[PDB]
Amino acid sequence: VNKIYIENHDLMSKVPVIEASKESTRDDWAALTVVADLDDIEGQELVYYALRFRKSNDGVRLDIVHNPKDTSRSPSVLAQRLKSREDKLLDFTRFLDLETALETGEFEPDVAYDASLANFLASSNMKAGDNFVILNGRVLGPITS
């Protein structure tokens, strides 16, 4: 059950995270990962829905894995842009706010991060560009077009 979470600590340590509230209960806890291609509106839309879900459900730990189909730009670039605005993620009220968060910010590519992402996909039998979620170890998707 756990294996997806054990084999990918390096990746999962670097992605944007909204932790479960401290004041939330153990029974309200859930672990939701959204894996989506943030180069495209459909992937962005899925993350936006997940942000809205977390805003209203504060026992949820949400983390976000940018999973582009095209890797000409390092997958770590949008990841770092979003990571740099982690404290703002629950202040978003508008889809445009997420778009804006992804649009600018100069970051060196993280070569090790990119390799950890490729490894995560391979070992999870998913493809670059696929949009999916992991809920308490259950992988659901891909969610097609």
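Start at 1 with the first residue shown and count on from there.
- Per-stretch averaging of Cα B factors for 87-95 and 32-40 places 87-95 on top.
- For the two regions 41-49 and 96-104, the entry's Cα B-factors average higher over 96-104.
- Taking the deposited Cα B-factors for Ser56, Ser76, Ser116, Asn67, the highest one is held by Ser56.
- For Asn136, the recorded CA temperature factor ranks within the middle third of the chain's modelled residues.
- When the modelled residues of the chain are ordered by their C-alpha B factor, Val1 lands in the highest third.
- Remark: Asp110 belongs to the middle third of its chain, ranked by C-alpha B-factor as recorded.
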